[PDB]
Amino acid sequence: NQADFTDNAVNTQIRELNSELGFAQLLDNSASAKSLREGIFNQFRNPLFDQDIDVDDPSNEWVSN
Amino acid sequence: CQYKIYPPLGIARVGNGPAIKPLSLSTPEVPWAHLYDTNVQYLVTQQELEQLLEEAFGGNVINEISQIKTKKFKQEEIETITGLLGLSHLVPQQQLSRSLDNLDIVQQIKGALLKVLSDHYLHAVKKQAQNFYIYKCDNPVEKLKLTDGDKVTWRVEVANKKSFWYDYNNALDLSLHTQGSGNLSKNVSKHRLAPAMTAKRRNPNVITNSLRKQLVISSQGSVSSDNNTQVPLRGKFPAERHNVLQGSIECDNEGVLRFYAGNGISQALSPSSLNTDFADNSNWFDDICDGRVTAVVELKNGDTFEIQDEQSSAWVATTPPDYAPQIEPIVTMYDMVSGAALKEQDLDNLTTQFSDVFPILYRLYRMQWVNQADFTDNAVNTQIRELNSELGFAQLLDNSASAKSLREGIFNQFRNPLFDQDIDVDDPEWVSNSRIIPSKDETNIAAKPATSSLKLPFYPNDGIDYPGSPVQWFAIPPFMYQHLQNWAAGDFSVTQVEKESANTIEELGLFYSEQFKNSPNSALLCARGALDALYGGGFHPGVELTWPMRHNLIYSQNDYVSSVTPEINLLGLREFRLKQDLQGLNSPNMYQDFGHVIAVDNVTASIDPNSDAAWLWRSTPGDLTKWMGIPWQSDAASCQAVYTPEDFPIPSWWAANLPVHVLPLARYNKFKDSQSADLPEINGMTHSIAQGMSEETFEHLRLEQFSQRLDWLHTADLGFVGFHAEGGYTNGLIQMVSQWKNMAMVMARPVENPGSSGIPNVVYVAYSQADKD
Amino acid sequence: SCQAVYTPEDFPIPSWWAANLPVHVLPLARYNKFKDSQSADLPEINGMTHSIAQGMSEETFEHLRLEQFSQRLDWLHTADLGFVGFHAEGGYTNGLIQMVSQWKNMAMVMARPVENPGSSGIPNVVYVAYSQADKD
Amino acid sequence: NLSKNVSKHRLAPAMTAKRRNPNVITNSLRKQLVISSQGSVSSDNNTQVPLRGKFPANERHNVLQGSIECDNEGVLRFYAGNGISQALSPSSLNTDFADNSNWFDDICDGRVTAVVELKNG
Amino acid sequence: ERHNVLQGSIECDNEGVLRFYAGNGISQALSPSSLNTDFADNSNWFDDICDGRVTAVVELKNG
Ligand SMILES: [Mg+2]
């Protein structure tokens, strides 16, 4: 899939980590790595499907933005 | 309760004829008034375009003529050629512009201006306009008479919500739990004979309700007794942006409102957007509308009466053209109003006159002029003709035991709206064992042979989508079937005067027509007339309105009031008003919906008048027509034959208003004349050949011509014309957007001496440009 | 593709090779609605019940015979060529496609007798198209 | 696997679905629209066995739904079909992504059971 | 009925140089339902493509 080759920022960061032999940072559960893990996690879609939506007319309708 | 508007639901029809009284039509205000009128002109004639032009040329423009002449033309003497006669509202200024700098003072004045008018309106489909009346009440006594100093100002606000609403897959009420009405048996929902389908949004790429407001076309206007100027109802789509003429209102000095519908123009936002679906085509808008009709009564003495509530206000809905105004649907929208207030299991309390069942047989009989199955494949219509041949139609009116066998013979051919006949119960679903209407998605496995005859009438119905369901085929609704059942068993009354005009179906039909014509209740007759021309099933979606109209929940008041005449019921007269949102366009529910899909669950939840769904029945402008197909031409072109493997009879959808098989003008010119006519051309023949033949063979050729029925889809170029033309279903839908205005119009015409030919004295002839000779 | 070529004018309808690939035929269904005289000895006469057939005036019975005789069916509709079913497309191309299998189910035109035409104007020998779709 | 917000806020409402091949009516005639086959293999004989059905079921087409074989160690090996899908008329085209009348394919799924017999009985 | 076709624009500067612009690229059918499904030959269609004759007249001070 082309999007995961050249349009996926997470895959590009993984390759960035690989190129410096630094993938093990993702296995770090300490606070010095939290912003690294969070930046990746924040790019994933929430299966609650309640993010990036404008609640249309509160009969509520959730409209993605 | 001092003043009320009539009719409660006015009906206007689109057309490209102009919105002027002489060149328009009027919605029936008296049922059956002109069924045999052989002078009707539903298309703009060359005669009326001349008569218009010469009334314009009344003095002293004919002394203006002479001032200009002794004074080609120049910019400002033309500036006042036009305007003199007042053709600004008819033709663009700059089409009459060069009408005459392209050039008995007056005759090539008239000649060029009339060919202008001819180019625009000759043979045009006349608009059928609806008149609205104020009736003083207490109970509508007489129409409001306006003294000097008084004035009435009407107010109409309309909307189109087709592009904003949901797809039409089938009628949602088909699965709605019910006790049963006079319109729909409870067996449909209780036994799941034609389950309602979910329906997605039309134009679904428009997201958020605030952006979907752009999909609704809306307009409003007011006219008063103090000026008969015509004011257009014009909105925008979306709300490039195109102008949509949804209507034109005008009030005369007596306070009557006349409502003209649009010019019948449907259009896409991009030319490449084609209307290939019968109902649901995104990117499209049409000029169909519907909305709220209210008025103020302001008398000389300061007294002001506001007609604003739902009990006294009215509604208007515009529809596709009635292509055979004199042919009535076997079941009308008025029948739907009448059956809406009845409970199914209380139908044994219904009392039946013969005039309650006569319209069924009458309308089914007159369907022969618009549908082949009803001309040569309807054993009930052939028996009517048999009784007509021996002047023995009065036997049908006999409630005795000696005529029970004959009445039962006709009744047993009809379809039972219980939909519990001609079925084999599977794994105890109801599987019909008569003829089915297959899906176009084929399966090369042999059909189960039918074991029961196809009951009448031979039309499709709300459950068309389901092969083997008895609701594939149309049945007269429960309360009308109850009438027929009581007539079968003898439980019916009829007055002696009716038996004295019942030698043929036509004589009795003319009698009942006079009963309508001389009944005094002018308001309720006009109320029934607005709806007696509309269809009332099947609803897929239908022609004009659809399934919400067959539920009592949509009316605020719906009660029986009186018979047509004190002795003759003729299905009766009712006082009905639709439920209305009194805020109209400014309603908070104007733009309501149900999310990504609509389903019967939404309908179920809307029965409770306190739920968040009850708005579905409190109509706002646009709510009546929003269910119908967009553009309407796609449904019209889809409203024809539905062919079975077996060739006959040919199923037809709504042939009374959108005919399927017609008698073209070409055929009429080959049977209208008698052999002793001494024109050079007699029935397409030369004089010598016409009179040189046997008169037996001469009248045999008359009946051959009379029998040649043309496919109504072939009355204009709907994509089948030309070498290697594809034709087909879809090309018909696409071409109908432009060709609706060239489709054949059926009109009553006379055959002055049929002799022994078998041709009736009044025939109904389809007029188009292709069908002429 | 060997049928009608429609012009903007409705009539006459032009036809390619109609004598070997007919375009408008008299189907058996109509034949069974005019072949009998009113005195026939059959419980069903010309599609009608005995009593209704013999109850009508002689003029009207004969008029119905000629009316039936005059109903001509598009020969392309004598079998399923893609126009059968709810929302079926039909059209020229589906005709071509379906004819590969449906050629053998098309109506075959055959001379048939009308034993007592009377004053109907129906000739004593008619030519009637037989197929599975067009028989009743 | 699925948040309750999808149904609760109607983020993607389920649609109604009609029958495939809707012109075949009655349950007993619709049984022919089902292809089925069975077979048995044992560790005593390696010979492969075809699961061959027919469409329409009891012109008819043979459908090889699969093949089974079992080596002497008692391991069953299940092969799927050859990937042959077909309509009953060659003009029936599969133009919808999922629902095409008059078509059948050789995909299948079914019940696998076994019986173990030991020396002592 | 009948459409206006801008086939181009011409202007001449005070130095005698002519500048020729082409149309806007409007292509249209006489009815919207006629589609240009063929790569070259589509009846009922027009476009604003043009070609023609360019001539000039030089008038000097000396007549
Ligand atoms: Mg009509």
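In each ligand, atom 1 is the first atom listed, and ligand 1 is the first ligand listed. These values consider heavy atoms only, across backbone and side chains, with no hydrogens, waters or symmetry-generated copies. In what follows, chains carry the letters A, B, and so on, assigned in the order in which the sequence lines appear, proteins first and then strands, with residues in each chain numbered from 1.
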Checklist outcome for this item: Exactly one candidate in B:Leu456, B:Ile476, B:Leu454 meets side chain to side chain contact (heavy atoms under 4.5 Å, CB included) with B:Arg415; the answer is B:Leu454
Item to check | Angle, O of B:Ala656 through the Mg ion (ligand 1) to OD1 of B:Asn657 - 10° precision | outcome: 90°
Next on the checklist: To check your reading of the site, what angle at the Mg ion (ligand 1) do O of B:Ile327 and O of B:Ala324 form, to 10°?
Outcome noted: 80°
Checklist entry - Under the 6.0 Å and 45° cation-pi test, does B:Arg366 pair with B:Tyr36? => result yes
Next on the checklist: Is the terminal nitrogen or CZ of B:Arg577 (NZ for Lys, CZ for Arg) located under 6.0 angstrom from the six-membered ring centre of B:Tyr6 and within 45° of that ring's axis?
Outcome noted: yes
Checklist entry - Is it true that B:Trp547 and B:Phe539 have ring centroids separated by less than 6.0 Å? => result no
Next on the checklist: Nearest N/O/S atom of B:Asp322 with respect to the Mg ion (ligand 1), by atom name, please.
Outcome noted: OD1
